[PDB]
Amino acid sequence: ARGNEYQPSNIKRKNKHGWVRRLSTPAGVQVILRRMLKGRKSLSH
Amino acid sequence: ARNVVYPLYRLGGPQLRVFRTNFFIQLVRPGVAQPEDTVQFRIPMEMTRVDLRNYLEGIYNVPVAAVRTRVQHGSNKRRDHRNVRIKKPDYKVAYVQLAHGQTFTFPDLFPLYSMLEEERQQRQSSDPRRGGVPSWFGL
Amino acid sequence: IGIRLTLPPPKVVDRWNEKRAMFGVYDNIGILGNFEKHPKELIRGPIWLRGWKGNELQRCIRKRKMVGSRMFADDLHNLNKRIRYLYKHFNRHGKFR
Amino acid sequence: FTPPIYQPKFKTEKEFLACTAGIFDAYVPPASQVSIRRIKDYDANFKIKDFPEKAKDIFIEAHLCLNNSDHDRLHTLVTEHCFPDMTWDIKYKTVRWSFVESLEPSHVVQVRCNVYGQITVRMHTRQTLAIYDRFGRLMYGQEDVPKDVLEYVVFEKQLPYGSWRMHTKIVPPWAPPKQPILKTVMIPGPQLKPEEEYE
Amino acid sequence: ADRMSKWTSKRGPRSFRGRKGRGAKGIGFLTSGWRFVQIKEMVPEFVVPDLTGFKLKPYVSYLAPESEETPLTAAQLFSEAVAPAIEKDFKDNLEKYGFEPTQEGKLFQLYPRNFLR
Amino acid sequence: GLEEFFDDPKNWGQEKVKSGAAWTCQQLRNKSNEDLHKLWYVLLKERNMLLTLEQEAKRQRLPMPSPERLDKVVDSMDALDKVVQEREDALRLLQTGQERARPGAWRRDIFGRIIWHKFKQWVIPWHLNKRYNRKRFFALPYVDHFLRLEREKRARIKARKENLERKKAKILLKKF
Amino acid sequence: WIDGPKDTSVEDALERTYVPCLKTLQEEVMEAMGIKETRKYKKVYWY
RNA sequence: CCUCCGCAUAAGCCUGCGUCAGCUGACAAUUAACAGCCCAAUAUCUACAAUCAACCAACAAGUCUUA
RNA sequence: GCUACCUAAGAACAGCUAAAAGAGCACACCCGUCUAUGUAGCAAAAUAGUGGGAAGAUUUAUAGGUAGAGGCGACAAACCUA
RNA sequence: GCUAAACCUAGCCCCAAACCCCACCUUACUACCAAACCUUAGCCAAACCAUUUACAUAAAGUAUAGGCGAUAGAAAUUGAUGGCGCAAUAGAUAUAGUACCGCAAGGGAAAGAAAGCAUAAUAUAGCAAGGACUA
Ligand SMILES: [Mg+2]
Ligand SMILES: [Mg+2]
Ligand SMILES: [Mg+2]
Ligand SMILES: [Mg+2]
Ligand SMILES: [Mg+2]
Ligand SMILES: [Mg+2]
Ligand SMILES: [Mg+2]
Ligand SMILES: [Mg+2]
Ligand SMILES: [Mg+2]
Ligand SMILES: [Mg+2]
Ligand SMILES: [Mg+2]
């Protein structure tokens, strides 16, 4: 019954975790800054 | 041209001209049967079919009747020893139909060791009657 | 199996290199030089523990006091956490009271 | 309820020249002064009247080296074209080759010629052989009874620091058969496929 | 879910796939009815010269002499293009010698560059 | 004609093709603008032919005949481009004093990093450009801590590199 | 060395046809090829 | 002998049983008409469902621009 | 991106009986009454049969919204990525 | 005799010194349309908890503060390149912030140069041994 909580949709993916939304708020900008400091290859989703 | 900023055009402005073209194309043998008048090219991704028509008609004086393009996705499945995906580059493929009933067919391109070879000639393989006994000795 | 099967490469120690040969010179700089310089001024090391000694809590307090402003951000955070932890340990844990 | 814990996937995805090719002009047993000069002009010191002694010494010493498998010396004693013949079939078996006084004096036969020297020397000596197995059991030739050996040995030399080394032994077709082998041998006939028949 | 693969026009839904391109430069615009109007002046025109009678070749004979690289500089160009005329007129208003006060009014403006390659 | 995409028919199948030397920057600097313009297309046609050869060799699983001429042609075209760029840069410096063909400015992005923002061509002034005004070219105070952290990460990398270099030098001296 | 059909002769490769001028390759080639352009490039904004 | 199966579109995925030679590597491939990517503005306009829309039946009252 | 509720604009509902129905029987569809199986399973809640609704307070695709002492809730302390 | 065992530098730690072409904020990496600033809290200690505690040297743990209790706590004044480090389970998480896991924030690796069996199953009875015994 459970396990399939991920129902992929690129629109939701980008609107929820994308670069633009991350930069839309100071908290998201700090998310990006933390990923950059850690050296993540993928800063945003 | 590619990797260059195009001067922004406004109504009534001069024609956009490129003097030293940056596009380099390859004429490739089709992987599938094609009509006699179709020529297959691999093209830079930034090249339009209009650009390819003008390119072939100006640099090679090839009468072009039609041009079609498709973006072929290069496999991203292969992985190196570190489990990191190796991306085969995506590339643009153009199909150019020649005009005036002109026909094209891809040409049939591609139509110390002496000592080693002569020693292989002079191997002198051991005979079965020798039973593994070295035959070099003269006794 | 926790034993190496080959003798380690020979270790050759030059007991008479310059460092060993001149080790200890000027340790009596004071008593033999009219006390112009104290022997502790011969000590080369961290600025916060030149000519000084203490347990880890005191060392960390001194380090923060003397170079805390020059420390990297996460190193200073670690030092503050360590001082807090050591304070708790030394003042609340132990067999003796 | 407690969720299952998955172990990392990586743990379970793991997966595992100074030689010539033969003889420039083969000598056929039952005028080479140009080649003599062609070697003199490049060597600056040579004696045909004394070469046979040195050639015999090299031959005997190399054959003695074969006894102890002295490959380090054998490399310098024989050419690379000859070394595989010298040392391949004899691997994993002891040979007790020995030399005894010769029967007739060795003399040169003919010489020819980036540039590689070549001297053919005829020897009719007397030798002993005893080739054993890995297990030390004789398989060729008595160690005590000597045999007379007729050999046409061809030496090759590099023309700057190379020397005269055994290059190839010419066996004439009229030479007598070699010694018989102690052990018997079976020689399979033509293997037959299911659809084939013997004829 | 694939964060590492590059984002291309092959990935999203129909709208995404239509909207994203592959870097090809624009040629015109879209009017009502999604009718594409191609502007001729936006299309790069290849100014290909006449190669008939041209002596140069893709390769150079190895017999050519070696030389020392001397990258052209503004000073060198000025000496080789303007200094002669300046001297000849000084011995005997810089537009006469070539200088132009402003790039505006030219077809090929040097800055901001407005020509391809 | 499409025959220009292939080498001379006599060369088809040849194990090796004899080729000259790549044009050098100095050799090209002596040629006129028209001569360079024409040589560019000569080299372009040769490059297209060589790329076609490379691809057909890959297709046939055979070694490409004399691959070095492709490198020679690429080097020649790069030298020609460098020469033309040098001429354009010299002319631009003389006539305008600008060292860069494209307008740009040093700006601090939303992440506090100093970047060379290269300008883009627009039709409306920037204060009216909505998309442009969405882009932020300033860093708010919450970025200062991350700037310090990045600086200290760089410092740590540099310090490790320097100590490693010195230790390797010490080991070399001990060895010799 | 023997020049191939696609190798420039030494004299051709060394001929100094370059006349130091204050013209870009684009405008020089426009003049040489006789391409006539009367439309004036409308000004654009950079930022 | 068996199948609410199958074929398409959407969404998702992204080369993931095409060829070749040794699961790996190389080579090839999906070609726009379908679909997406639109619209020059200012204003002024636009009461009258749908249900085969014609009767009949209502209530829950229902995507509606020219100068 | 599950789920609860909501917003926008969509879509589906055979056949028979009945007539404009939170109507009857019953497909698709939705659910999950009872039994058996399964219980490291096909499945971190399934299978087979049986059963409830099936033109509605229905089901459902798409996009958007509500956020943690908060949301949402036909109150089960239900749900808010097992 | 199998599996295996081993290895030494890849690097790291702590100091000192020194201040360190093109594309991309729209669905990022897409050529081109009319707006920031604002007390940290709490864990924890007080054996609960509620005020409180808990984000050079010397003067001095002094004056002071404090459910005057846990505890907190001055100032005047004084003047000041190296390694008894690690050496691949260590040392950085690091071969890499990669693979992989997660919708997301985020988490985050591994690695390079004996045991177990087989030769050779097993004998009444038993913490498997000990005293022994010719055994
Ligand atoms: Mg869903
Ligand atoms: Mg298409
Ligand atoms: Mg019905
Ligand atoms: Mg009903
Ligand atoms: Mg409900
Ligand atoms: Mg209740
Ligand atoms: Mg209850
Ligand atoms: Mg307490
Ligand atoms: Mg004080
Ligand atoms: Mg480690
Ligand atoms: Mg064992």
# chains A, B, ... in the order shown; residues from 1 in each chain; ligands from 1
$ residues_near_ligand --ligand "ligand 10" --cutoff "8 Å" --atoms "only C-alpha atoms (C1' of nucleotides) and all ligand atoms" --output "ChimeraX atom specification"
/J:88-91,94
$ interface_residues --of "chain F" --to "chain C" --cutoff "8 Å" --atoms "only C-alpha atoms" --output "list in words"
residues 148, 149 and 152 of chain F
$ residues_near_ligand --ligand "ligand 8" --cutoff "7 Å" --atoms "only C-alpha atoms (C1' of nucleotides) and all ligand atoms" --output "PyMOL selection string"
chain J and resi 45-48
$ write_last_selection --atoms "C-alpha atoms (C1' of nucleotides)" --output "PDB file, in the first residue's frame"
ATOM      1  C1'   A J  45      23.289  22.826  36.802  1.00  0.00           C
ATOM      2  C1'   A J  46      20.547  23.763  41.067  1.00  0.00           C
ATOM      3  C1'   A J  47      20.412  16.356  42.444  1.00  0.00           C
ATOM      4  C1'   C J  48      12.517  18.423  40.895  1.00  0.00           C
TER       5        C J  48
END
$ residues_around --residues "residue 78 in chain I" --least-positions-apart "4" --cutoff "12 Å" --atoms "only C-alpha atoms (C1' of nucleotides)" --output "list in words"
residues 3, 4, 72 and 73 of chain I
$ select_by_dssp --residues "range 61-166 of chain F" --states "helix (DSSP H, G or I)" --output "PDB file with N, CA and C atoms, in the first residue's frame"
ATOM      1  N   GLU F  68      47.018  13.114 -37.838  1.00  0.00           N
ATOM      2  CA  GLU F  68      47.676  14.331 -37.384  1.00  0.00           C
ATOM      3  C   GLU F  68      47.250  15.547 -38.192  1.00  0.00           C
ATOM      4  N   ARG F  69      46.800  15.353 -39.430  1.00  0.00           N
ATOM      5  CA  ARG F  69      46.444  16.516 -40.230  1.00  0.00           C
ATOM      6  C   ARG F  69      45.200  17.201 -39.687  1.00  0.00           C
ATOM      7  N   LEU F  70      44.324  16.470 -38.998  1.00  0.00           N
ATOM      8  CA  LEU F  70      43.209  17.129 -38.328  1.00  0.00           C
ATOM      9  C   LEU F  70      43.713  18.064 -37.240  1.00  0.00           C
ATOM     10  N   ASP F  71      44.683  17.611 -36.447  1.00  0.00           N
ATOM     11  CA  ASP F  71      45.284  18.489 -35.450  1.00  0.00           C
ATOM     12  C   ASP F  71      45.949  19.681 -36.114  1.00  0.00           C
ATOM     13  N   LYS F  72      46.640  19.448 -37.227  1.00  0.00           N
ATOM     14  CA  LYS F  72      47.275  20.551 -37.933  1.00  0.00           C
ATOM     15  C   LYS F  72      46.248  21.578 -38.380  1.00  0.00           C
ATOM     16  N   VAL F  73      45.125  21.120 -38.932  1.00  0.00           N
ATOM     17  CA  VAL F  73      44.111  22.047 -39.420  1.00  0.00           C
ATOM     18  C   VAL F  73      43.481  22.807 -38.265  1.00  0.00           C
ATOM     19  N   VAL F  74      43.200  22.120 -37.160  1.00  0.00           N
ATOM     20  CA  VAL F  74      42.632  22.808 -36.005  1.00  0.00           C
ATOM     21  C   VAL F  74      43.601  23.864 -35.494  1.00  0.00           C
ATOM     22  N   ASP F  75      44.889  23.530 -35.430  1.00  0.00           N
ATOM     23  CA  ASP F  75      45.878  24.506 -34.990  1.00  0.00           C
ATOM     24  C   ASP F  75      45.952  25.682 -35.950  1.00  0.00           C
ATOM     25  N   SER F  76      45.888  25.414 -37.252  1.00  0.00           N
ATOM     26  CA  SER F  76      45.923  26.494 -38.228  1.00  0.00           C
ATOM     27  C   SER F  76      44.733  27.420 -38.055  1.00  0.00           C
ATOM     28  N   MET F  77      43.543  26.852 -37.871  1.00  0.00           N
ATOM     29  CA  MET F  77      42.355  27.679 -37.703  1.00  0.00           C
ATOM     30  C   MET F  77      42.420  28.463 -36.402  1.00  0.00           C
ATOM     31  N   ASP F  78      42.934  27.850 -35.337  1.00  0.00           N
ATOM     32  CA  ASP F  78      43.107  28.574 -34.084  1.00  0.00           C
ATOM     33  C   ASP F  78      44.090  29.722 -34.244  1.00  0.00           C
ATOM     34  N   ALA F  79      45.186  29.493 -34.964  1.00  0.00           N
ATOM     35  CA  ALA F  79      46.150  30.561 -35.194  1.00  0.00           C
ATOM     36  C   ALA F  79      45.536  31.684 -36.011  1.00  0.00           C
ATOM     37  N   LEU F  80      44.770  31.338 -37.043  1.00  0.00           N
ATOM     38  CA  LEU F  80      44.113  32.361 -37.844  1.00  0.00           C
ATOM     39  C   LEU F  80      43.152  33.168 -36.990  1.00  0.00           C
ATOM     40  N   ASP F  81      42.373  32.484 -36.155  1.00  0.00           N
ATOM     41  CA  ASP F  81      41.443  33.171 -35.274  1.00  0.00           C
ATOM     42  C   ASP F  81      42.184  34.069 -34.298  1.00  0.00           C
ATOM     43  N   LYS F  82      43.305  33.593 -33.760  1.00  0.00           N
ATOM     44  CA  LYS F  82      44.089  34.404 -32.838  1.00  0.00           C
ATOM     45  C   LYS F  82      44.636  35.643 -33.528  1.00  0.00           C
ATOM     46  N   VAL F  83      45.108  35.499 -34.763  1.00  0.00           N
ATOM     47  CA  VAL F  83      45.646  36.645 -35.490  1.00  0.00           C
ATOM     48  C   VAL F  83      44.552  37.673 -35.739  1.00  0.00           C
ATOM     49  N   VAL F  84      43.387  37.212 -36.190  1.00  0.00           N
ATOM     50  CA  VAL F  84      42.293  38.138 -36.457  1.00  0.00           C
ATOM     51  C   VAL F  84      41.834  38.802 -35.166  1.00  0.00           C
ATOM     52  N   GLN F  85      41.788  38.039 -34.075  1.00  0.00           N
ATOM     53  CA  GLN F  85      41.403  38.608 -32.792  1.00  0.00           C
ATOM     54  C   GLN F  85      42.423  39.629 -32.320  1.00  0.00           C
ATOM     55  N   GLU F  86      43.708  39.370 -32.558  1.00  0.00           N
ATOM     56  CA  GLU F  86      44.735  40.338 -32.201  1.00  0.00           C
ATOM     57  C   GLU F  86      44.548  41.629 -32.974  1.00  0.00           C
ATOM     58  N   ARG F  87      44.284  41.525 -34.274  1.00  0.00           N
ATOM     59  CA  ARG F  87      44.054  42.729 -35.063  1.00  0.00           C
ATOM     60  C   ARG F  87      42.839  43.490 -34.555  1.00  0.00           C
ATOM     61  N   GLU F  88      41.748  42.781 -34.273  1.00  0.00           N
ATOM     62  CA  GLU F  88      40.548  43.454 -33.790  1.00  0.00           C
ATOM     63  C   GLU F  88      40.788  44.096 -32.432  1.00  0.00           C
ATOM     64  N   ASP F  89      41.504  43.410 -31.544  1.00  0.00           N
ATOM     65  CA  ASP F  89      41.792  43.973 -30.230  1.00  0.00           C
ATOM     66  C   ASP F  89      42.668  45.207 -30.339  1.00  0.00           C
ATOM     67  N   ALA F  90      43.692  45.163 -31.191  1.00  0.00           N
ATOM     68  CA  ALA F  90      44.543  46.331 -31.372  1.00  0.00           C
ATOM     69  C   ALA F  90      43.735  47.505 -31.896  1.00  0.00           C
ATOM     70  N   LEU F  91      42.891  47.257 -32.895  1.00  0.00           N
ATOM     71  CA  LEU F  91      42.079  48.335 -33.439  1.00  0.00           C
ATOM     72  C   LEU F  91      41.125  48.888 -32.391  1.00  0.00           C
ATOM     73  N   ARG F  92      40.515  48.011 -31.596  1.00  0.00           N
ATOM     74  CA  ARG F  92      39.588  48.466 -30.569  1.00  0.00           C
ATOM     75  C   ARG F  92      40.304  49.275 -29.501  1.00  0.00           C
ATOM     76  N   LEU F  93      41.488  48.832 -29.087  1.00  0.00           N
ATOM     77  CA  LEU F  93      42.249  49.596 -28.111  1.00  0.00           C
ATOM     78  C   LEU F  93      42.593  50.968 -28.656  1.00  0.00           C
ATOM     79  N   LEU F  94      43.018  51.032 -29.916  1.00  0.00           N
ATOM     80  CA  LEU F  94      43.371  52.319 -30.497  1.00  0.00           C
ATOM     81  C   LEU F  94      42.163  53.238 -30.555  1.00  0.00           C
ATOM     82  N   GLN F  95      41.048  52.745 -31.083  1.00  0.00           N
ATOM     83  CA  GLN F  95      39.922  53.618 -31.380  1.00  0.00           C
ATOM     84  C   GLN F  95      39.041  53.902 -30.174  1.00  0.00           C
ATOM     85  N   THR F  96      39.071  53.054 -29.151  1.00  0.00           N
ATOM     86  CA  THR F  96      38.173  53.186 -28.013  1.00  0.00           C
ATOM     87  C   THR F  96      38.853  53.040 -26.665  1.00  0.00           C
ATOM     88  N   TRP F 126      17.290  49.153 -18.657  1.00  0.00           N
ATOM     89  CA  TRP F 126      17.325  48.175 -17.578  1.00  0.00           C
ATOM     90  C   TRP F 126      16.264  48.456 -16.526  1.00  0.00           C
ATOM     91  N   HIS F 127      16.029  49.723 -16.204  1.00  0.00           N
ATOM     92  CA  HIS F 127      15.067  50.018 -15.153  1.00  0.00           C
ATOM     93  C   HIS F 127      13.658  49.597 -15.534  1.00  0.00           C
ATOM     94  N   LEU F 128      13.409  49.318 -16.809  1.00  0.00           N
ATOM     95  CA  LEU F 128      12.117  48.815 -17.243  1.00  0.00           C
ATOM     96  C   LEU F 128      12.098  47.307 -17.419  1.00  0.00           C
ATOM     97  N   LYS F 130      11.798  43.809 -16.574  1.00  0.00           N
ATOM     98  CA  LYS F 130      11.274  43.102 -15.412  1.00  0.00           C
ATOM     99  C   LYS F 130      12.133  41.894 -15.056  1.00  0.00           C
ATOM    100  N   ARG F 131      12.473  41.073 -16.049  1.00  0.00           N
ATOM    101  CA  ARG F 131      13.299  39.906 -15.774  1.00  0.00           C
ATOM    102  C   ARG F 131      14.645  40.321 -15.206  1.00  0.00           C
ATOM    103  N   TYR F 132      15.255  41.354 -15.780  1.00  0.00           N
ATOM    104  CA  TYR F 132      16.535  41.821 -15.269  1.00  0.00           C
ATOM    105  C   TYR F 132      16.406  42.322 -13.840  1.00  0.00           C
ATOM    106  N   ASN F 133      15.350  43.076 -13.544  1.00  0.00           N
ATOM    107  CA  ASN F 133      15.204  43.597 -12.194  1.00  0.00           C
ATOM    108  C   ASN F 133      14.927  42.492 -11.193  1.00  0.00           C
ATOM    109  N   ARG F 134      14.432  41.343 -11.641  1.00  0.00           N
ATOM    110  CA  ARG F 134      14.314  40.226 -10.713  1.00  0.00           C
ATOM    111  C   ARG F 134      15.684  39.742 -10.259  1.00  0.00           C
ATOM    112  N   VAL F 143      24.866  36.548   4.098  1.00  0.00           N
ATOM    113  CA  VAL F 143      25.878  35.894   3.279  1.00  0.00           C
ATOM    114  C   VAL F 143      27.285  36.068   3.821  1.00  0.00           C
ATOM    115  N   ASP F 144      27.492  36.972   4.777  1.00  0.00           N
ATOM    116  CA  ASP F 144      28.843  37.243   5.252  1.00  0.00           C
ATOM    117  C   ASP F 144      29.440  36.035   5.957  1.00  0.00           C
ATOM    118  N   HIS F 145      28.641  35.335   6.760  1.00  0.00           N
ATOM    119  CA  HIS F 145      29.157  34.150   7.431  1.00  0.00           C
ATOM    120  C   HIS F 145      29.602  33.102   6.427  1.00  0.00           C
ATOM    121  N   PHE F 146      28.813  32.890   5.377  1.00  0.00           N
ATOM    122  CA  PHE F 146      29.196  31.908   4.375  1.00  0.00           C
ATOM    123  C   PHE F 146      30.412  32.360   3.592  1.00  0.00           C
ATOM    124  N   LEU F 147      30.554  33.659   3.354  1.00  0.00           N
ATOM    125  CA  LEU F 147      31.772  34.138   2.714  1.00  0.00           C
ATOM    126  C   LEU F 147      32.984  33.836   3.575  1.00  0.00           C
ATOM    127  N   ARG F 148      32.875  34.068   4.880  1.00  0.00           N
ATOM    128  CA  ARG F 148      33.990  33.753   5.764  1.00  0.00           C
ATOM    129  C   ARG F 148      34.284  32.263   5.753  1.00  0.00           C
ATOM    130  N   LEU F 149      33.241  31.438   5.778  1.00  0.00           N
ATOM    131  CA  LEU F 149      33.445  29.996   5.778  1.00  0.00           C
ATOM    132  C   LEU F 149      34.134  29.542   4.501  1.00  0.00           C
ATOM    133  N   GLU F 150      33.733  30.098   3.360  1.00  0.00           N
ATOM    134  CA  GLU F 150      34.383  29.755   2.103  1.00  0.00           C
ATOM    135  C   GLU F 150      35.834  30.201   2.099  1.00  0.00           C
ATOM    136  N   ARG F 151      36.101  31.399   2.616  1.00  0.00           N
ATOM    137  CA  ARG F 151      37.475  31.873   2.685  1.00  0.00           C
ATOM    138  C   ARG F 151      38.325  30.937   3.522  1.00  0.00           C
ATOM    139  N   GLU F 152      37.793  30.489   4.650  1.00  0.00           N
ATOM    140  CA  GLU F 152      38.561  29.621   5.525  1.00  0.00           C
ATOM    141  C   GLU F 152      38.729  28.233   4.930  1.00  0.00           C
ATOM    142  N   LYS F 153      37.748  27.755   4.168  1.00  0.00           N
ATOM    143  CA  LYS F 153      37.930  26.500   3.449  1.00  0.00           C
ATOM    144  C   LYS F 153      39.051  26.617   2.425  1.00  0.00           C
ATOM    145  N   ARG F 154      39.085  27.727   1.689  1.00  0.00           N
ATOM    146  CA  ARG F 154      40.188  27.959   0.764  1.00  0.00           C
ATOM    147  C   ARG F 154      41.515  28.010   1.502  1.00  0.00           C
ATOM    148  N   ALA F 155      41.544  28.689   2.645  1.00  0.00           N
ATOM    149  CA  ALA F 155      42.771  28.782   3.420  1.00  0.00           C
ATOM    150  C   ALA F 155      43.230  27.410   3.882  1.00  0.00           C
ATOM    151  N   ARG F 156      42.297  26.568   4.314  1.00  0.00           N
ATOM    152  CA  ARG F 156      42.667  25.228   4.744  1.00  0.00           C
ATOM    153  C   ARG F 156      43.253  24.428   3.594  1.00  0.00           C
ATOM    154  N   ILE F 157      42.627  24.496   2.420  1.00  0.00           N
ATOM    155  CA  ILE F 157      43.161  23.775   1.267  1.00  0.00           C
ATOM    156  C   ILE F 157      44.572  24.256   0.956  1.00  0.00           C
ATOM    157  N   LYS F 158      44.769  25.574   0.956  1.00  0.00           N
ATOM    158  CA  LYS F 158      46.079  26.130   0.646  1.00  0.00           C
ATOM    159  C   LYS F 158      47.124  25.705   1.667  1.00  0.00           C
ATOM    160  N   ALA F 159      46.774  25.746   2.951  1.00  0.00           N
ATOM    161  CA  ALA F 159      47.725  25.374   3.989  1.00  0.00           C
ATOM    162  C   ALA F 159      48.121  23.914   3.864  1.00  0.00           C
ATOM    163  N   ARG F 160      47.147  23.039   3.615  1.00  0.00           N
ATOM    164  CA  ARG F 160      47.476  21.635   3.419  1.00  0.00           C
ATOM    165  C   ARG F 160      48.402  21.461   2.232  1.00  0.00           C
ATOM    166  N   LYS F 161      48.126  22.164   1.134  1.00  0.00           N
ATOM    167  CA  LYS F 161      48.971  22.018  -0.044  1.00  0.00           C
ATOM    168  C   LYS F 161      50.397  22.467   0.245  1.00  0.00           C
ATOM    169  N   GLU F 162      50.553  23.596   0.932  1.00  0.00           N
ATOM    170  CA  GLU F 162      51.890  24.112   1.208  1.00  0.00           C
ATOM    171  C   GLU F 162      52.661  23.187   2.139  1.00  0.00           C
ATOM    172  N   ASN F 163      52.023  22.723   3.216  1.00  0.00           N
ATOM    173  CA  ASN F 163      52.715  21.801   4.109  1.00  0.00           C
ATOM    174  C   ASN F 163      53.078  20.514   3.394  1.00  0.00           C
ATOM    175  N   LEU F 164      52.184  19.996   2.556  1.00  0.00           N
ATOM    176  CA  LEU F 164      52.521  18.791   1.817  1.00  0.00           C
ATOM    177  C   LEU F 164      53.729  19.029   0.924  1.00  0.00           C
ATOM    178  N   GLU F 165      53.778  20.180   0.252  1.00  0.00           N
ATOM    179  CA  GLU F 165      54.917  20.472  -0.610  1.00  0.00           C
ATOM    180  C   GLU F 165      56.209  20.516   0.194  1.00  0.00           C
ATOM    181  N   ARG F 166      56.185  21.199   1.337  1.00  0.00           N
ATOM    182  CA  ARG F 166      57.391  21.299   2.149  1.00  0.00           C
ATOM    183  C   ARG F 166      57.824  19.934   2.659  1.00  0.00           C
TER     184      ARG F 166
END
$ closest_atom_pairs --of "chain E" --to "chain J" --cutoff "8 Å" --atoms "only C-alpha atoms (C1' of nucleotides)" --output "tab-separated table"
residue	atom	partner	partner_atom	distance
E:16	CA	J:27	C1'	7.5
E:20	CA	J:30	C1'	6.9
E:21	CA	J:30	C1'	7.6
E:25	CA	J:31	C1'	6.5
E:26	CA	J:31	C1'	7.5
$ residues_around --residues "residue 58 in chain D" --least-positions-apart "2" --cutoff "10 Å" --atoms "only C-alpha atoms (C1' of nucleotides)" --output "ChimeraX atom specification"
/D:52-56,60-64,77-78,164-166
$ residues_near_ligand --ligand "ligand 6" --cutoff "12 Å" --atoms "only C-alpha atoms (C1' of nucleotides) and all ligand atoms" --output "PDB file with C-alpha atoms (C1' of nucleotides), in the first residue's frame"
ATOM      1  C1'   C I  75     -13.394  13.804  15.752  1.00  0.00           C
ATOM      2  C1'   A I  76     -10.744   8.080  14.203  1.00  0.00           C
ATOM      3  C1'   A I  77      -5.937  11.720  18.490  1.00  0.00           C
ATOM      4  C1'   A I  78      -7.291  10.830  11.540  1.00  0.00           C
TER       5        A I  78
END
